[PDB]
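Every heavy atom of this structure was used, including side-chain atoms; hydrogens, water molecules and symmetry mates were not. In what follows, chains carry the letters A, B, and so on, assigned in the order in which the sequence lines appear, proteins first and then strands, with residues in each chain numbered from 1.
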Amino acid sequence: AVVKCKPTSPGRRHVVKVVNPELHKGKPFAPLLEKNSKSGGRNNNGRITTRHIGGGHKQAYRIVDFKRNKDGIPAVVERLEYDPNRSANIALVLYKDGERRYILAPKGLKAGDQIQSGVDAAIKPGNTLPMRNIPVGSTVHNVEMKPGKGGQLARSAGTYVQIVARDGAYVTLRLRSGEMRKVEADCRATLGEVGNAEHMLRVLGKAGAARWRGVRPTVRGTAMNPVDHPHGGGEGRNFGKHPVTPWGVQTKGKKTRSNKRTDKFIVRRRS
RNA sequence: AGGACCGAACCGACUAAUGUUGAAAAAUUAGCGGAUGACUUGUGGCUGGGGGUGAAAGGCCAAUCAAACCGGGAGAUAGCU
RNA sequence: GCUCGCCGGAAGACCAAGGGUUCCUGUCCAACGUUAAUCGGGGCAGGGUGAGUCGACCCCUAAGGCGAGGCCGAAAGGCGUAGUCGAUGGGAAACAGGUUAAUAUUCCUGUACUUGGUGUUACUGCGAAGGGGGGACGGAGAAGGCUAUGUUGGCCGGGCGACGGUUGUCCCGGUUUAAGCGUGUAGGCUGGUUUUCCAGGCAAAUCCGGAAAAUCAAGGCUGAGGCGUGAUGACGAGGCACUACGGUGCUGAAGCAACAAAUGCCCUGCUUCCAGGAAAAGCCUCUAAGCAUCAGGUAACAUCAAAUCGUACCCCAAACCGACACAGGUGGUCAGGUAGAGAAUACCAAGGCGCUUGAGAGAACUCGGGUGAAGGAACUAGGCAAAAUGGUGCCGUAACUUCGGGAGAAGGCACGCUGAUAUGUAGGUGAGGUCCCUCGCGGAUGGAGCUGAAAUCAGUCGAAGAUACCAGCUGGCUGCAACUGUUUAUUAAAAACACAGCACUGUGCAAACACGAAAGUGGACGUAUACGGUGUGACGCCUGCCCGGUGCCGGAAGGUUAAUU
RNA sequence: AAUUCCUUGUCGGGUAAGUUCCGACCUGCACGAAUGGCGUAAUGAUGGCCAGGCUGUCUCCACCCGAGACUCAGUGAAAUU
RNA sequence: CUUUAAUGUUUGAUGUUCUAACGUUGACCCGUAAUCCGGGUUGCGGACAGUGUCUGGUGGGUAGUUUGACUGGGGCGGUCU
């Protein structure tokens, strides 16, 4: 649910929480936990590569099954859980054979609902089938891009893919970016939409709320001194040059895609 | 409940006086600010010089920073003292 | 040695890091000590550090480092797998008392415990570089139940007062005792039990997990403290003999209760919230390969072993970092009494110090302070500085507002002591007795005693009763920035930097982008409600006109146009 | 006006008297709408201004308590030349 | 030898298709008790991509440098035969 707190303190007027009591009020499944050490935006060379990464609350990694390769075995949802490593929630499923796994929680999933992956699976939210068996025009998420590697598209809070066409061994998809991409007709896709759509309405309300997420403050560049950033300085606020990143790139319209390896799966990139 | 209030430890350093061959190569004294938090602290680790880090001051990187320190090129060059 | 004064949430006590003999004793005073010095953290000499239980080493691992082959790279070398290292973390076990000039949970006395090896005996399915469990974990908050500890009383011992009074409702002191073993309570968590079956746990499995039945509700795990034992003991204020008044022998009374009570224990709990909270081993289990009248496992008993290094002393300081015996800096732990909300503050206990030049004088001037006639900011760049305000309760409290605030607005009244109410009340704690009982650390009743506010009425003293230290000046108009925050260590704390929010733009994952000759890593074990960049900077009302120029995104009819030929 | 040269702009308020301050006027030397514009409760060791109270800040200093200064003994510097 | 159509050979451009180079930060197996690496089977891409040499463009992202003299001080102006 969406909740707007009261202005009992400067730093709480504009806070907007996303509460869901259906989530588990306890510890998660331990066998599916892993250590997740924060990097601070640094690499094997110890140099900052991605700025504004640092701090944040300690997090343990929940092993999620993006493949759903256990076909022909039903599974029922036990409880919904909070996952800090992603924007969406996860679901603790129990297979008939006693195997437990985590999966992304769709829109209208609950506890006790059944799901089945494979080819003969029914067309209901939570089930997973190759897009070869998915009817055209439907909505799916956690889509594979190459058969066998696992879902890579539409994995965020309220994201979904819509199958719009099927030509041959390939199928066309409009992604949440509006891009029209085509992928092979053997990539598993979980039906439905990821359910946390009230996630975009979250308003942090204060600076610390960003530091809990592991986000360090962002310094613009206009006040930076010429040795530091092209925008540099100036007596007052001059900024009389073209917007540019550090290292000298525009950042205000210049397209920087230079892959040329796919060059086939793109149809209606955007615009 | 709170980057909430008053307020010690703790962390800070706004004013003033003293001191300025000082007790001290930046402190003392009376007051001041934060004090459950973007807080603070111990231990150990990573990032190495046109590079690092930087809630960005050209700030910090061993009392040294508009390009550290040591050694070397090297008895640099000095139409100037 | 008698007094004085100082600290006493330390200027006390025990450690780590660090230092490395500064420790104790004797001796010496040239140099060192900011003076002298018989003294010394000084010179010389000798002596001193005792561990199966503390710590390290050791087993396990985090960040991270190295890294067999290998990938990559002009050489050097870089990244990294298997692995091996790496605490600041996890992992077996000792308490009390006594004792040296200097060491002790290390020696001694007493009483204990843990992990292993060997052997005997008895009962037996043993086995891992594998599987499972467990280890294993956040913040805040609310209590309750306990202890440390303290206070009073009682008990024991001693004392009867340098000056009026003090054989009593008087005074001083003491009133101590461990781990361990045993009981398993307050209270917390969980429903147990038997059998059958199964696409899972890399193969297997009696174990984990899943399903379906049966029979039962009482089963088990965890757990401070208390009680008992430990203890016919040790300790013990004071005595009896030795006593060079430096001390050693024997003896040695009371050794209870009530109240109060922690930030500590139950509590790695409970409740709640979002930012969703290490790993591996030990340990407990499961079988497999394999070995089975073996080997091995299990219980009891016996016996042996538990090595090695560290252990002195300072450690908020004269011994560490600061060139000094330097108003500095340095992490953890123990946390007494009176008043107090309090680890503030004042005064004190234990304990430790008076800060390594003194004496006298009592001028100017300087530093730190105290008081002040009348006036009261006339001072001055400016109320700088200083003065003042200052607590608790009650009453009361404006514009404005994002309806939370503003606000402790402003302002006003009352605060001491004694007595009564009430020989000490409300409340809290709670004995004996009584009743019950699954006869227990039980339950009910019970109210003794202990402790104990606040208020009211009356009376009374003083110039003054929040009398000391401690302890908000207030209000009004206004600029800037929303706010909490961050910043030029060492002249600038700000209107700057961040900020939540808003927008533009890029990025379809081998993502953009960044560090790298490269491999590769970060981004991210993320996937457009995501990530990067840019600018703006809460919220509210709004964000206009202009695409010629620069740039960016698109388009092509034609022209120009490199290498090459 | 954190922007206004002329300029202490003019009028008014406050003051016995106001180059600052507040509020209106527009002739905006040279505001202007995300290098954002106009407002904005709250907050600020923030800048400016007016009051009450308070005072040795001052009219105008006076006395007093301590530490140095001064004398005596011991030890015994420095910049400079 | 002026002339041009079915062939052949010749190479060139474009398009379609294929797989064997190549790629795979897809899957599975072994080395192997190993998310490295390599090999192997297969799938998806596919002569594109990507790399090297050459070459045009862009290129303060990063470097090495320049930016005059006279002058009633210098700069501005003016001047330099």
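As the counterpart of C/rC347, C/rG337 is assigned, both hydrogen-bonding distances of the Watson-Crick or G-U wobble pattern falling under 3.5 Å. Pairing of C/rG459, defined by two Watson-Crick or G-U wobble distances under 3.5 Å, is identified with C/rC417. When Watson-Crick and G-U wobble pairs are counted only if both distances are under 3.5 Å, C/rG182 pairs with C/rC227. Figure legend. C/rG522 is base-paired to C/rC513; pairs are counted as Watson-Crick or G-U wobble with both atom distances under 3.5 Å. Using the Watson-Crick or G-U wobble rule with both distances under 3.5 Å, B/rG73 pairs with nothing in any strand shown. C/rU527 makes up no base pair with any nucleotide shown, lacking Watson-Crick or G-U wobble contacts both under 3.5 Å. The nucleotide D/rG52 finds its pairing partner in C/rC473, both defining distances of the Watson-Crick or G-U wobble pair being shorter than 3.5 Å. With a cut-off of 3.5 Å on both pairing distances, the Watson-Crick or G-U wobble partner of C/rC146 is C/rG264.
Rounded to whole Å, atom P of C/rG132 lies 11 Å from atom CG of A/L32. Atom-to-atom, CG of A/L153 to P of C/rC531 comes out at 17 Å; the value is rounded to the nearest Å. One interatomic measurement links the two molecules: CG of A/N43 to P of C/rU521, which rounds to 11 Å at whole-angstrom precision. Regarding A/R12, its CZ atom lies at a distance of 17 Å from the P atom of C/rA500, rounded to whole Å. Atom-to-atom, CG of A/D228 to P of B/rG52 comes out at 11 Å; the value is rounded to the nearest Å. Note: NE2 (A/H57) to P (C/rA278) measures 9 Å, nearest angstrom. Atom-to-atom, CZ of A/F265 to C1' of C/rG508 comes out at 12 Å; the value is rounded to the nearest Å. When rounded to the nearest whole Å, the span between NZ of A/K254 and P of C/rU507 equals 11 Å.
Among the atoms of the strands shown, only primed sugar atoms or phosphate atoms (P, OP1, OP2) are found under 4.0 Å from some heavy atom of A/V203. Contact annotation for A/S9: backbone-only contact, meaning every heavy-atom pair under 4.0 Å involves sugar-phosphate atoms and none involves a base. The residue A/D263 sits apart from the nucleic acid: no heavy atom pair falls under 4.0 Å. Nucleic acid contact for A/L204: sugar-phosphate only, since backbone atoms but no base atoms lie under 4.0 Å from a heavy atom of the residue.
Within the structure, the ring pair (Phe, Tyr, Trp, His ring centres under 6.0 Å) test picks out the following pairs touching residues 234-260 of chain A (sequence neighbours left out): A/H231-A/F239. Among pairs with a residue in residues 185-196 of chain A, those fulfilling salt bridge (charged side-chain N to carboxylate O under 4.0 Å, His left out) read A/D71-A/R188, A/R132-A/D186, at least two apart in sequence or across chains.
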Might you list the N or O atoms of the protein lying below 3.5 Å from N or O atoms in nucleotides 38-46 of chain D, with each pair's distance?
none

Tabulate protein N/O versus nucleotide N/O from nucleotides 63-73 of chain C, keeping only pairs under 3.5 Å, one per line.
| residue | atom | partner | partner atom | Å |
| --- | --- | --- | --- | --- |
| C/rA63 | OP1 | A/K35 | NZ | 2.6 |

Please write out each protein N/O paired with an N/O of nucleotides 35-37 of chain B under 3.5 Å, distance rounded to 0.1 Å.
none

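Judged on ring centres (limit 5.5 Å) and ring planes (limit 30°), C/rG40 and C/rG41 do not form a stacked step.
RNA chain D lies under 4.0 Å from no heavy atom of any residue of residues 172-199 of chain A. RNA chain C lies under 4.0 Å from at least one heavy atom of each of the following residues of residues 89-116 of chain A: A/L94, A/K96, A/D97, A/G98, A/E99, A/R100. Near-neighbour residues of RNA chain D inside residues 234-247 of chain A, defined by a heavy atom below 4.0 Å, number-ordered: A/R237, A/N238, A/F239. Near RNA chain C, meaning a heavy atom under 4.0 Å away, the residues from residues 125-149 of chain A are A/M145, A/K149. Residues from residues 59-72 of chain A placing a heavy atom under 4.0 Å of any atom in RNA chain C, listed by number, are A/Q59, A/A60, A/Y61, A/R62, A/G72.
Of the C1' atoms belonging to C/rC469 and C/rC347, the separation is 10 Å, rounded to the nearest Å.
Placement of A/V203 and A/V2 within a single hydrophobic cluster is found when ILVMFWY residues are connected by side-chain heavy-atom separations under 4.5 Å, directly or transitively. Tracing side-chain contacts under 4.5 Å through hydrophobic residues (I, L, V, M, F, W, Y), one never reaches A/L109 starting from A/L104; they form parts of separate clusters.
Under the 6.0 Å distance and 45° angle rule, A/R62 does not count as a cation-pi partner of A/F29.
Position along RNA chain C of the nearest nucleotide to A/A223 versus A/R155 favours A/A223 as the more 5'-ward residue.
Of the inter-residue distances, the one linking A/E22 atom CD with A/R79 atom CZ reads 15.0 Å to the nearest 0.5 angstrom.
Comparing C/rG520, B/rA56, C/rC499 against the side chain of A/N45 picks out C/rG520 as the nearest. Comparing B/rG3, B/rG51, C/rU529 by their closest approach to the side chain of A/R47 singles out B/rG51. Closest to the side chain of A/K6, from the set C/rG532, C/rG404, C/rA498, is C/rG404.
Judged by the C1'-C2'-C3'-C4' torsion, which is positive here, the sugar of B/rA9 sits on the north, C3'-endo side. For C/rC415, the ring torsion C1'-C2'-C3'-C4' comes out negative, which puts the sugar in the south group. Judged by the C1'-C2'-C3'-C4' torsion, which is negative here, the sugar of D/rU7 sits on the south, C2'-endo side. For D/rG44, the torsion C1'-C2'-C3'-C4' is below zero, which places the sugar in the south, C2'-endo range. On the basis of its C1'-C2'-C3'-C4' angle being negative, C/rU34 carries a south sugar.
In summary, A/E144 and A/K146 do not engage in a salt bridge, as defined by a charged side-chain N under 4.0 Å from a carboxylate O.
By the rule that a glycosidic angle within 90° of 0 means syn, E/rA33 counts as syn.
In this structure, a donor-acceptor pair under 3.5 Å is absent between the side chains of A/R68 and A/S117. Of the N and O atoms on the side chains of A/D83 and A/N89, not one donor lies less than 3.5 Å from an acceptor on the other residue.
Side-chain heavy atoms of A/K252 come within 5.0 Å of minor-groove base atoms (purine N3, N2, pyrimidine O2), with no such contact in the major groove.
If you check distances only, the side chain of A/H14 never reaches the base of C/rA500 with a donor-acceptor pair under 3.5 Å. For A/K27 against C/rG277, a side-chain-to-base donor-acceptor contact under 3.5 Å is present.
Atom NZ of A/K241 sits in a crowded spot, with more than 12 heavy atoms from other residues, nucleotides or ligands closer than 6.0 Å.
Partners of A/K70 according to the side chain to side chain donor-acceptor pair (under 3.5 Å) rule, which considers only residues two or more places apart in sequence or in another chain, are A/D97, A/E99. Applying the side chain to side chain contact (heavy atoms under 4.5 Å, CB included) criterion to A/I53, with sequence neighbours excluded, gives A/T50.
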